[PDB]
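Heads up: the structure comes next, in C-alpha cells.
We did not get these values from a lab; they are worked out from the coordinates using the rules stated. As a convention, Cβ positions derive from the backbone with ideal geometry for all residues, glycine included, and neighbour counts pool all protein chains shown.
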Amino acid sequence: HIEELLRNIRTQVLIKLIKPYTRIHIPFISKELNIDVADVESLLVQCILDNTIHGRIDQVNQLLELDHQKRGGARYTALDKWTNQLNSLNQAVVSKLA
Amino acid sequence: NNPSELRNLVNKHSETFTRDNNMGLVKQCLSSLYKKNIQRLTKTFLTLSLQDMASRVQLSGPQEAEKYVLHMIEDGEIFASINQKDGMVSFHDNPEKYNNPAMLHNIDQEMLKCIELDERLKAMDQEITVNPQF
Amino acid sequence: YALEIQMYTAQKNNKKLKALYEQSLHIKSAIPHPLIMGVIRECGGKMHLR
Amino acid sequence: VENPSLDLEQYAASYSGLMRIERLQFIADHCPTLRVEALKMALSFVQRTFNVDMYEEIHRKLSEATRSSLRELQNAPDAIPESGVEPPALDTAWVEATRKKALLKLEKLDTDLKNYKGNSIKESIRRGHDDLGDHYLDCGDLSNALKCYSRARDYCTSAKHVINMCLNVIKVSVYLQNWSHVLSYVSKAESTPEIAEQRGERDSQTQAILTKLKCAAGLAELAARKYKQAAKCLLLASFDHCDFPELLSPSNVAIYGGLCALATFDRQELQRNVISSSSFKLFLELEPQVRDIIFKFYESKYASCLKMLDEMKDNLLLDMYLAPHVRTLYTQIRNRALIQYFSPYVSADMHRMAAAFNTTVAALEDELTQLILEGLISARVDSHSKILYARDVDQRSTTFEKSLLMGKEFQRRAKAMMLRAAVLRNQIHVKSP
C-alpha cells in the first residue's frame, strides 16, 4: 500500500495548496511535492475528472487555470429554464385556436 | 450539406421550377448552403486556413474563401477577420457582452411592443365577453 | 474455520478467504470473548483493505 | 478479416447441445482460417446428441470448402487414402437412423406421459412434459419444446417448480430468438421464491438461482441495445452459477459486462459498479485483457487502451451475440474518450492528443469538428500552430440572446393568430366556387 499512502499525502497537500492561487505552475507544484513534472501532470488529470481539484490545464504554457471564475450563474440558469417553458407555452396556447 | 449534389438536383428538377416560376429563388438556396457551410466552421474553429476552408466547403480556390467571408462582413452575417500574412481566417464572434446600456434600451423597446400587443388582445377578449356565449 | 484460514492465507487464494470469512460471521453472535475471534478477523481485515 | 487468435478449443468446450453447433457455424462463416477445424468440431459434436439437420448443412459447407480450387483443401492431402484425419462424407444410413431413433424416442416419452395423466399426480405430469420438452431440443425441433413447457405450467405447486420451468422455457426461447419472453419469465422466477429470498437461504444457497436469471436478462438487454442496463443487470451475476453450457459461458459475461459498461458509463458509475464490486472481480481476474482495458481507459491511458482494444476487436466480432455491437460500442468509447480528454484541459496540444487516440493530427481535427457541432465540447482549434483552446461559455450570452429571440417569435405567432382569428370570425375560407 505504501506507494498509495505517498500519493494520498501528496494529493491532500495539493488541495490545501491550490486555494491562494488561480494560476499555479506545474513545475512549481512538482518541486513542492518532490517528484517530476510528468507524475504531477498525470495526477492532475485524474483529479479534475474525480473533481478533488477544480480547474483545467494550459499545457502550452504549463499552468493550471484553476476555477474561481465563478460569479453567480444561479440567476442566469433559472432565467434560461423559465425562458425555454415560455416558448413551449406560447406554441401550445396559440395552437388551440381552431 | 453537400452543394455538389444540390446542384445536380436543380438540373434534374428544372422544368418544374420553370413552369411554377420560382426560378431564381431556387438559385439562392444554393448560395445559402455555401453560407451555412462557411458559418458552421466558425462555431468549431478559432483559426482555420483559407486553403483548408476551400477544400472542405468545396469553394475550390482560397481566393474565393476570402471573397465569400468579405461579402458576409458587409452583410453582418459573420464576425471575422482575415490574416493575409499567415493565410488564415481568424473568427471573432462578440457583438454583445450583454452588459451594454444599448442592450437595455433594446430590451426596453421590445417591452413597449408587448404591452401594446396585449392591449389588442384585451379589446378583442372583451368583445367576445359582450357577445353571448354558446 | 481458523485453521482453514491459516492454510488459505499460506496458499494464497483471495477468493476462498472472503467466503470463509462471511460464513464465519453467522456463528459469532453467541460466542463470548475468545482469542479465535481476533484470529478470524485478522484475515478479514486484510481482504477488506484489498 | 482474419485473426486466428480466438482460441477455438475453449469456445467449443465451454458449450454444449444446440448452442455449440450454432455458434461454431457463426465463427466459420466470418473467419477464413478457423472454418475447417470448426466444421470438424461441429461434426464430432453433431454425431452425438442426435440431430440430422445440422449434419447435412455443415457437411455441405465442408463439401464446398474441400472441392473448390478457390480454397486450398483440395490439394491439401494430394490424394485421399484412409488416414484418420480424412474429410468424411455423408453416410446414408446415419441420417435416416438418427431421425428414426428420435421419432421412436418421442413415442416412448409420450406413452409415459399418458399413464402420468391417467394417474393424475401433478408432479409426474410436469416431469413428463419436461421429458418430452428436452427430447425435442436434442432432435433439433425448436418449436415443439416450448409447447411442452407451456403445458407444464398448470401443474405447479412450489416456487421451485416455477423456477425450473421458466429456466427451461428460457432455454427454448433463445432458439425461437425473441428476448422479451426471457424478461417476463426471469422476472416471474425472481418474484416467486420470496423476491429471491430474505435470508440468503440461511448461510448460503447451494446453487444460485439469482445469478442465472440476471445473466439471461443481461444477454437480452445487450442485444436489445439497452447497453447501460445490460452491464447493470449482468455485473451482479457471480461465479456462483459456475458455468452455463446452454445460455452463456463465463468468459463472455466478463467481456460483455466490461465493454458494455465502458461505452455508456460516466466516472462515478464506473468506480461504483465495475471496480468496487467483489462480484465482478472473479470475472475481471479470469481474463486480464478486459480488466486492463477498463483501468487504462479510466487513468487517461487511452494510447495503451486503444492499442489492446484493436487487437481484440476481430476476435470479439467472431462471437455470435456480440458481433453487430462491436462497432457501436467502440465508437461510443472513442467519442466519450474525446470529451474525457478535453474535461481537464482548457488548452491542449493537438499532437499529444492525436498520439493518445493513435490517429494522425489531420484525422483527429475532423473528429473534433464533429464533436464541437453535434457534441457538447465547447472548444476551438487554432489550426495555425495546432493548439486546442479554450472557449469559455457564458451563461449570460446564451440566456440573453435566447430571451430576445424567443420574444420576437412569441410576438410573431400572436400576430399570426390575430390574422387566423380574423378570417374565421368573418367566415371565409378557400372555396373552388
Neighbourhood net charge (10 Å Cβ-Cβ; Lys/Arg +1, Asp/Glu -1) for D:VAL162: +3
Between D:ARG199 and D:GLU57, what is 0.36 nm times their sequence separation minus the Cα-Cα distance? Round to one decimal in nm. 46.1 nm
Among the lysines, select those whose C-alpha is under 24 Å from the C-alpha of D:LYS117, and discard any that sit fewer than 8 residues away in the same chain. D:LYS105, D:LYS108, D:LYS147, D:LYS160
Let me confirm one metric for peptide D:339-350, namely the mean number of other chain beta-carbon atoms within 10 Å of its residues' beta-carbons. 5
Between beta-carbons, use under 9 Å as the cut-off and find the net charge around D:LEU247, counting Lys and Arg +1, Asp and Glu -1. +1
Segment D:1-83: equivalent-ellipsoid semi-axes (sqrt of 5 x gyration tensor eigenvalues, Cα, Å): 21, 17, 11
Are there GluC sites (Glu not before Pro) in segment B:37-95 that DSSP puts in a loop and that have at most 16 other Cβ atoms within 10 Å, and which ones? B:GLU77
Of all the Cα-Cα pairs you can form in segment D:77-162, what percent are over 22 Å apart? 45
Overall Cα dimensions of segment D:233-314 - principal axes, largest extent first, Å: 37, 30, 20
Calculated Rg and Dmax of chain A using C-alpha coordinates, Å: 22.0, 75
I need the P(r) histogram for segment B:46-108: all alpha carbon pairs, bin width 10 Å from 0 out to the longest distance, whole percents. 20, 42, 20, 14, 4
10 Å Cβ neighbours from other chains, averaged over peptide D:148-154: 0
Can you give the convex hull volume per residue for the Cα atoms of chain C, as a whole number of Å³? 69
Local electrostatic count, D:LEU234, Cβ distance below 13 Å [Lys/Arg +1, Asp/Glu -1]: +4
Return the Rg/Rh value of chain D, two decimal places, where both radii are evaluated on C-alpha atoms and Rh is the Kirkwood radius. 1.11
May I ask you to order D:222-228, B:84-90, D:21-27 by the average number of other C-beta atoms within 10 Å around their residues, highest value first? D:21-27, D:222-228, B:84-90
DSSP beta bridges in the protein assembly as shown: the antiparallel percent, rounded to 5, is 80
Whole-percent tail of the Cα-Cα distance distribution for segment B:1-110, cut at 20 Å, equals 53
Take the Cα atoms of segment D:40-199, build their convex hull, and give its volume per residue in Å³. 162
Cα-based helix-to-principal-axis angle, D:92-119 vs chain D, degrees rounded to 10: 90
With no solvent term and unit scatterers on the alpha-carbon positions of the protein assembly as shown, Debye gives log₁₀ I(q)/I(0) at q = 0.09 Å⁻¹ of -1.14
In vacuum, with every alpha carbon of segment A:42-98 counted as one equal point scatterer, what does the Debye formula give for log10 I(q)/I(0) at q = 0.13, 0.15, 0.29 Å⁻¹? Two decimals, please. -0.59, -0.66, -1.07
Given the DSSP H assignment, sum -39500 (n - 2.57) over each helix run of at least 4 residues in chain D and divide by its residue total; what's the result at 222 nm in deg cm²/dmol, nearest 500? -21500 deg cm²/dmol
Taking Rh as the Kirkwood radius computed over C-alpha pairs, what is the Stokes-Einstein D of segment D:307-384 at 20 °C in a medium of viscosity 1.002 mPa s, expressed in µm² per second? 154
Given segment B:1-97, what count of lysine pairs have C-alpha atoms under 27 Å apart, with each pair 8 or more places apart or on different chains? 18
If the elastic network links every pair of Cα atoms under 10 Å, which of D:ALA196, D:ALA42, D:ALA93 fluctuates the most in the Gaussian network model of chain D? D:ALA93
Can you give the relative contact order of chain A as a percent, counting alpha carbon pairs under 8 Å and 6+ residues apart? 23
Rank-order D:308-321, C:21-34 by packing density, defined as the average count of other C-beta atoms within 10 Å over each peptide's residues, highest first. D:308-321, C:21-34
When the Kirkwood radius is taken over all Cα pairs of segment D:38-125, what Stokes-Einstein diffusion coefficient follows at 37 °C and 0.692 mPa s, in µm²/s? 204
Other chains near D:389-396: what is the mean number of their Cβ atoms within 10 Å of each residue's Cβ? 5
Size of the dipole of segment D:229-281 about the Cα centre, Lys and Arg at +1 and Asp and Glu at -1 on the beta carbon, nothing else charged, in debye to 20? 240
Under 10 Å, Cα contacts only: if you run a Gaussian network model on chain A, which one of A:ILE57, A:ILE35, A:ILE24 comes out with the highest mean-square fluctuation? A:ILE35
